[PDB]
Structure formats: structure tokens, C-alpha cells
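Participant: Pasting in a structure now, in C-alpha cells, and then I'll have a few things to ask.
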Amino acid sequence: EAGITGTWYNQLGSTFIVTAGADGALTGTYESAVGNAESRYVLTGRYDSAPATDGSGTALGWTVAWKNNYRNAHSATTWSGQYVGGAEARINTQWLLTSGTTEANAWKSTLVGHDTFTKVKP
Amino acid sequence: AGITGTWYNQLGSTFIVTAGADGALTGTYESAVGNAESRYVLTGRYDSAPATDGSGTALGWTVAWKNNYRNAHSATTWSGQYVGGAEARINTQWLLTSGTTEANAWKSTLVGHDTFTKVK
Amino acid sequence: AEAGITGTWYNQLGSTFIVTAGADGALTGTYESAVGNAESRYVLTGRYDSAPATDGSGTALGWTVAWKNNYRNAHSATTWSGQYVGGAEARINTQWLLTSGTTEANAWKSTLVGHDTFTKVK
Amino acid sequence: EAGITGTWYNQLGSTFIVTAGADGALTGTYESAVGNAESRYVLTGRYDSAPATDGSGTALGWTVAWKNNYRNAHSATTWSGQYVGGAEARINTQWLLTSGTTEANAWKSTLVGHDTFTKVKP
Ligand SMILES: O=C(O)CCCC[C@H]1[C@H]2NC(=O)N[C@H]2C[S@@]1=O
Ligand SMILES: O=C(O)CCCC[C@H]1[C@H]2NC(=O)N[C@H]2C[S@@]1=O
Ligand SMILES: O=C(O)CCCC[C@@H]1SC[C@@H]2NC(=O)N[C@@H]21
Ligand SMILES: O=C(O)CCCC[C@@H]1SC[C@@H]2NC(=O)N[C@@H]21
Numbered sequence: 038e039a040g041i042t043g044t045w046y047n048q049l050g051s052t053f054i055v056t057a058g059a060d061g062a063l064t065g066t067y068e069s070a071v072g073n074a075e076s077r078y079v080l081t082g083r084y085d086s087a088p089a090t091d092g093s094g095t096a097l098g099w100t101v102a103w104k105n106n107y108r109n110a111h112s113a114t115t116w117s118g119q120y121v122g123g124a125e126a127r128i129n130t131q132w133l134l135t136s137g138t139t140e141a142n143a144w145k146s147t148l149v150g151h152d153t154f155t156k157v158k159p
Numbered sequence: 039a040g041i042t043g044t045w046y047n048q049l050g051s052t053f054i055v056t057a058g059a060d061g062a063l064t065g066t067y068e069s070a071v072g073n074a075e076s077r078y079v080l081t082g083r084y085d086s087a088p089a090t091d092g093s094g095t096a097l098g099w100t101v102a103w104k105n106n107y108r109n110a111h112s113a114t115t116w117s118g119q120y121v122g123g124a125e126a127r128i129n130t131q132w133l134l135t136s137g138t139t140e141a142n143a144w145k146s147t148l149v150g151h152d153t154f155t156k157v158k
Numbered sequence: 037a038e039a040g041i042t043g044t045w046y047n048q049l050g051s052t053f054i055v056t057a058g059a060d061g062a063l064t065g066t067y068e069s070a071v072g073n074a075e076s077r078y079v080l081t082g083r084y085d086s087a088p089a090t091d092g093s094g095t096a097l098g099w100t101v102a103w104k105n106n107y108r109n110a111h112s113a114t115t116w117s118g119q120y121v122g123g124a125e126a127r128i129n130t131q132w133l134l135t136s137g138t139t140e141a142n143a144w145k146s147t148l149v150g151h152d153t154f155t156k157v158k
Numbered sequence: 038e039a040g041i042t043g044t045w046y047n048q049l050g051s052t053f054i055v056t057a058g059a060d061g062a063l064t065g066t067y068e069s070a071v072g073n074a075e076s077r078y079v080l081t082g083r084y085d086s087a088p089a090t091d092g093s094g095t096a097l098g099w100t101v102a103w104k105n106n107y108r109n110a111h112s113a114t115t116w117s118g119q120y121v122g123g124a125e126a127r128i129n130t131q132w133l134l135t136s137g138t139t140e141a142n143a144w145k146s147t148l149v150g151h152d153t154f155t156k157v158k159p
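Chains as they are written, first to last, in UniProt numbering: chain P, 38 to 159; chain L, 39 to 158; chain B, 37 to 158; chain A, 38 to 159.
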């Protein structure tokens, strides 16, 4: 909720800096430790601003297009996942990284993986 | 943009989007299926300087399935590419994550693929 | 059993899937890809629901190819997970995961994801 | 032939018992700790029987159809991933669980997740 805003780090050492707005907006920057990336990229996404009463995770997702002032990878990643708060707060995601490709190469356009974000660098 | 406009997928969902000069996607999504009614806000990003060698334009966007009427406690992200020209298409794969208790997290996420066209 | 599975199938990429469905759930056959790091036929094995529902629902199944044969070794494996539907427009509708062997540093980009639809003609 | 051969457990406590044959076969049983499943199910799959020698993992995949003598969930899972040997040996996977569905429900036929296996008995 409010618990989402701030800096998060994944298992690769990437840095996810986000603000969760009152009704569901996510805005911030992403800096990847790997791949065809340097410095920060804009991200935007959405989260459930009124998660379930049973303490289920807070669903959210966000997108990075891998273009910034320094570099353009011609690709975009979406992370889809859920935030869980508490002493071991986490954002558990799966992601789809699509590169722009010709139609013939479209079958190999999309990588899939999973990132776990924590409040401390692993 | 190119990307800007009203799109429909194979399910009959409606994707109304505007592509900004800064790489932003903004608009609304209305799903023909699932735990959804009416329009939901979406935001996303696209490559605003794509390759000129015939490649598609990479993009993605998110919907959290809460609006003024309903809350599914879930979010879909679509990742894909825009292919322009006479019969422009957006081809995607998506991940739908539901918020879940710890016991149910293994089954939190559905995966699929949606193809969008501007044909009503 | 689901006798409708056994035979030759073709996907939208021009690949050929030749399979035998055993009475109690075995899939065995060969796969020839029209794309990627692949030449000639590769062994496949998998499983299917040999007593599917009779309400018109599909028959769940999946199979694996490791991309090594007598000609070539791509150091990768693909699994297709999907469902068979019979009738006049019989199809096997799948999603797949193609994992390459990688070093630990490159494991984040080990897996491609996509979808293939197999039909009895094309 | 085999590092891969053995009894493995994932983060859910599920048990994967596998034999890796000299030419690329995987056979064994799977018991899920979760879902519409009880006791053991047959699996088959394939792995790269001549992996790279540069420190890369060994690609593999396998399928379970969730029908056995006790229960039938009309579903199948495939795991695609790689085996990383040494200490601590691990098989890192992503999986697709497809249920047989009507055409109207096919959009929600397939779950996706990731399982990591080790030889450590919970
Ligand atoms: O190589 C590219 O096309 C851009 C960089 C992609 C970095 C990926 C990698 N970094 C990260 O923090 N999680 C994974 C998923 S993100 O697509
Ligand atoms: O490049 C490789 O590593 C081996 C060949 C992969 C071919 C892929 C491609 N061919 C096909 O019929 N469907 C898709 C998914 S399979 O992983
Ligand atoms: O059921 C839910 O949790 C919310 C609605 C989900 C609808 C999904 S999003 C992916 C797919 N494409 C669509 O247009 N609708 C379904
Ligand atoms: O519920 C079903 O349809 C059958 C059981 C599915 C269990 C899944 S397979 C992927 C994940 N890993 C496991 O060890 N169990 C769950």
C-alpha cells in the first residue's frame, strides 16, 4: 500500500525505486544489474490499492521500455506479481521481456523469468 | 502511435490507448472475460525510437483489476510488440497475478497470449 | 485413451510434431523444427490425460524435446504444455518454455516463452 | 547419467524421483505437495546428455499428467529448466500447468510458476 513506496532490490542486484500513489498508480525508475541496460529507466504500473481482508498479497505490475537518454535496447519488460509486507517484506514477480523483432523471429522475442525483490540488497 | 487508438483482442476485450511522445502508454481496458466489469485504468511504456530494419516496436502495459465497481485483487501485464502498416497488430503474452495467501501463491499466476487489431 | 492425438501435426511456424498416444498416458514421437538451432528430427516424450472429461473440454498434455540429435546439440530443451481439442477443427493449443543451458551469470536470460498451435493440416 | 538421477524436493515440499538414462531419457515419479493431486504420478522427459563443458547448466524438461489410480485433475504440468551440478546441486525450473477447459475458458487454462529442486529432504 504505502509499504510499496521506496527502494527494492532483486536477486540480480537490480534497483527498483517506486512510488505507490493513493489509488493505484506506480511510478519510478529501474536500474538493471544485467543485460542491455545502463543507468535508470522510467517505469509505470498499477497496483491494487485495497487488497483483500485475509492478508493475501497486493497484486501489482509495471513496465520498463529499455530506452533512456544513453541507450536503447528495443525491448520492454513487464513484471507481474504481488507485494507481501511485514518483517520479510517481498515483491514476488514473474516477468516477460519482449524484444522488437522481425515477424519471422517473433517466436524468439520473449524471455520469461522470476524476480524476488526485498528491502535489503541480497 | 500508430499505437494510439482503439484495439480489440481475440476475446473481444477493448484496449483504448494513447502513446505519448515520452514513451508513455495510458488508457483504459475492458475485458470480455474474467472477474471484471467496465473499464480499468492502464499504464505502460513503449519504445519511442524503434529499429527501422523491419522489427516491431516493443511495449508493455499493466491493469490492476480494481475500479469503482469491482476489485478482483489481481493485475495483468501484457508484454509484446506493435507491428505497423496496413493491418497493424499488437502481439502479446501476458501474466495475470492474483493476490494470494501464502498457501495459494504457487497458483497465483496465469499466462496467455492476446493479439490485438483495430478491427471492431 | 485419446486416440485423436496420435499422428502428424503442424504448427504455425511450419514445424512437424509426430506423436503416438499410448493407452495409459504415454506420448512418444519426434519433432522437427522449422526455426532455431535445429536440424532434422529430435526425440520427444510426454504425457497426456488418458481419461479426459467428455463435456467438450480439451485433453491436457505436455511433452519435452532436448535439442540434441545425431547432427547437432543446441544445449537446450523445450517443453510444450497444452490441450488437445478434437472435432472438425482439431487442434493442440500450447504454450512452451525453451531453456538453454547457461552459466549462472546468464541464467536470467536462459528461458524463452511462446505459444504454438498445432493443426492436422498445413 | 547421473548427477540428475536421484530424489529431489522443491520449495513446496514436492518430491521428484528421476532417473537420467544415458541417451537423454528422464523417467520417474512426481508427488506434489499442493493442488488437485495425491500420491505419485508418472513423469517422462528429456535432458541434454552431452552438456557444454564451459560451466553451463544441463538443459532438461519433463511432464506430468495429473491422472493416477486415485485421482484425475484433467491437467498436465511441464517443467523446463537446467541442472546445475556441484555443491549444492540444483534443478532450476519454470513450469506451465495447463488444465483441459472449454473453448470459452481456454484463456485461463494455464498457470505459470517456478520451482527450484535440491536433494535436501524437508
Ligand atoms: O537486455 C535488455 O533487453 C534490457 C535489460 C533487461 C534486464 C532484465 C533482467 N534484469 C532484472 O532486474 N530482471 C530481469 C528482467 S529485465 O527484463
Ligand atoms: O534453438 C534451439 O535452442 C532449439 C530449437 C527451438 C525451436 C523452438 C520453436 N520451434 C517450434 O516449432 N516452436 C518453437 C518453440 S521450440 O523451443
Ligand atoms: O479475472 C481477473 O482476475 C481479472 C480479469 C482478467 C482478464 C484477462 S487479462 C488477460 C486476458 N485478456 C483479456 O482481454 N482478458 C483476460
Ligand atoms: O492441481 C492440479 O491440477 C494438479 C497438481 C498441480 C501441482 C503443481 S505442478 C507446478 C507446482 N509445483 C508443484 O510441485 N506442484 C505445483
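Virtual Cβ for every residue (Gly too), placed ideally from N, Cα, C.
Please list the residues of the stretch 97-113 of chain P that have a C-beta atom closer than 7 Å to any C-beta atom in chain L, keeping them in chain order.
Facilitator: Listed by position, the residues of the stretch 97-113 of chain P near chain L (Cβ gap below 7 Å) are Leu97, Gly98, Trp99, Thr100, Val101, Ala102, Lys104, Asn109, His111, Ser112, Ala113.
Participant: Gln48 of chain P versus chain A: which residues are under 7 Å apart at the beta carbon?
Facilitator: Within chain A, no residue comes near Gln48 of chain P; the closest Cβ sits about 12 Å away, beyond 7 Å.
Participant: At what residues does the beta strand (DSSP E) containing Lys104 of chain L begin and finish?
Facilitator: 95-104 is the span of the beta strand (DSSP E), which, as asked, contains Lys104 of chain L.
Participant: Within its chain, find whatever has a CB closer than 6 Å to the CB of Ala37 of chain B; leave out the 5 residues flanking it on each side and keep chain order.
Facilitator: So the list reads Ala59, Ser86, once near-sequence residues are dropped.
Participant: Would the beta-carbon of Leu97 of chain L be found less than 7 Å away from any heavy atom of ligand 6?
Facilitator: Looking for ligand 6 in the displayed structure turns up nothing; the ligands present are ligand 1, ligand 2, ligand 3 and ligand 4.
Participant: Please list the segments of the beta strand (DSSP E) lying wholly inside the stretch 68-93 of chain L, counting only runs of 3 or more residues, in order along the chain.
Facilitator: The qualifying runs are 78-84.
Participant: Opposite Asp60 of chain A in the DSSP bridges: which residues?
Facilitator: Beta-bridge pairing links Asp60 of chain A to no other residue.
Participant: Compare the beta carbon distance of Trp99 of chain P and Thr44 of chain L with 8 Å and say whether it is the shorter of the two.
Facilitator: No.
Participant: Relative to ligand 1, is the shortest distance from any of its heavy atoms to the C-beta of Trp144 of chain B smaller than 7 Å?
Facilitator: Yes, since a heavy atom of ligand 1 falls inside the 7 Å radius drawn around the Cβ of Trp144 of chain B.
Participant: Taking just the CA atoms, how far does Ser112 of chain L sit from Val71 of chain A?
Facilitator: Each residue's alpha carbon lies about 21 Å from the other.
Participant: Measuring only the C-alpha atoms, how far is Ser136 of chain B from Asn106 of chain L?
Facilitator: Taking the straight line joining both Cα atoms gives about 45 Å.
Participant: Compare the C-beta of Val71 of chain L against all C-beta atoms of chain B and say whether one is closer than 8 Å.
Facilitator: No, no contact with chain B.
Participant: For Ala96 of chain A, which residues of its own chain have a beta-carbon under 6 Å away from its beta-carbon, when the five flanking residues on both sides are left out?
Facilitator: The residues are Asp85, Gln119.
Participant: What residues are listed by DSSP as bridge partners for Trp116 of chain P?
Facilitator: In the DSSP output, where bridge partners are listed per residue, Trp116 of chain P has P:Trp99, P:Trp132.
Participant: What's the gap between the Cα of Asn73 of chain L and the Cα of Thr147 of chain A?
Facilitator: One C-alpha to the other measures close to 16 Å.
Participant: Under the criterion of a Cβ to heavy atom distance below 7 Å, does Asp152 of chain L qualify as lining ligand 3?
Facilitator: Checking the Cβ of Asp152 of chain L against ligand 3 gives yes.
Participant: In the DSSP assignment, find the beta strand (DSSP E) that holds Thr42 of chain A and state where it starts and stops.
Facilitator: First-last for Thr42 of chain A: undefined, no H or E at that position.
Participant: Are the beta-carbon atoms of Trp132 of chain L and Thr114 of chain L separated by less than 8 Å?
Facilitator: In this structure, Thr114 of chain L lies closer than 8 Å to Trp132 of chain L by Cβ.
Participant: So, with DSSP's three-state summary, where would you put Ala141 of chain A?
Facilitator: Residue state, collapsed to three classes: coil.
Participant: Suppose the cutoff is 7 Å on Cβ atoms and the five residues either side in sequence are ignored; what does the same chain contact list for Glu68 of chain L look like?
Facilitator: Correct list, in chain order: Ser51, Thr52, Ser76, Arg77.
Participant: Closer than 8 Å, CB to CB, is residue 13 of chain P near chain L or not?
Facilitator: Nothing can be reported for residue 13 of chain P: it is not among the residues displayed for chain P, which extend from 38 to 159.
Participant: Can you look up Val55 of chain P in the DSSP assignment and give me helix, strand or coil?
Facilitator: Of the three classes helix, strand and coil, the one that applies to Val55 of chain P here is strand, per DSSP.
Participant: For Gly150 of chain B, write down the residues that DSSP places opposite it in a beta bridge.
Facilitator: Beta-bridge pairing links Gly150 of chain B to B:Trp132.
Participant: State the Cα-Cα distance for the pair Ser93 of chain L and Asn142 of chain B, rounded to the nearest angstrom.
Facilitator: Spanning the two alpha carbons is a distance of roughly 25 Å.
Participant: Nearest-angstrom Cα distance between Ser117 of chain A and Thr138 of chain P?
Facilitator: Approximately 24 Å, taken between the alpha carbons.
Participant: Could you give the distance in angstroms between the alpha-carbon of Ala126 of chain P and the alpha-carbon of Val157 of chain P?
Facilitator: Looking at the two C-alpha atoms, the distance is approximately 10 Å.
Participant: Reducing DSSP to helix, strand and coil, say where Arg127 of chain A ends up.
Facilitator: Of the three classes helix, strand and coil, the one that applies to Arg127 of chain A here is strand, per DSSP.
Participant: Checking 8 Å against the spacing of the C-beta atoms, do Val79 of chain P and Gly61 of chain L come in under that value?
Facilitator: Yes, Cβ-Cβ distance for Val79 of chain P and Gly61 of chain L is below 8 Å.
Participant: So with Cβ pairs under 8 Å, would you call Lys145 of chain A a contact of chain L?
Facilitator: Chain L, which has a Cβ nearer than 8 Å to the Cβ of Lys145 of chain A, makes this yes.
Participant: Closer than 7 Å to a non-hydrogen atom of ligand 2 - does that hold for the CB of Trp45 of chain B?
Facilitator: The answer is no for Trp45 of chain B.
Participant: Classify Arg108 of chain A: buried if its beta carbon has 16 or more other beta carbons within 10 angstroms, exposed otherwise.
Facilitator: So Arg108 of chain A ends up on the exposed side.
Participant: Cβ closer than 8 Å: which chain L residues qualify as neighbours of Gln119 of chain B?
Facilitator: Per Cβ cutoff of 8 Å: no residues; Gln119 of chain B is ~13 Å from chain L at best.
Participant: Is the distance from the Cβ of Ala102 of chain P to the Cβ of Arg83 of chain L below 8 Å?
Facilitator: Closer than 8 Å, so yes.
Participant: What does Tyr46 of chain L pair with, by DSSP beta-bridge criteria?
Facilitator: L:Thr52, L:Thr155, per the DSSP bridge assignment.
Participant: I'd like the list of long-range same chain contacts for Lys104 of chain P, defined as Cβ closer than 6 Å, with 5 residues on each side in sequence excluded.
Facilitator: Answer for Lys104 of chain P: no residue qualifies.
Participant: Determine the chain P residues that contact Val79 of chain L at a beta-carbon separation under 9 Å, and present them in chain order.
Facilitator: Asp60, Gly61, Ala62, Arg83, listed in chain order.
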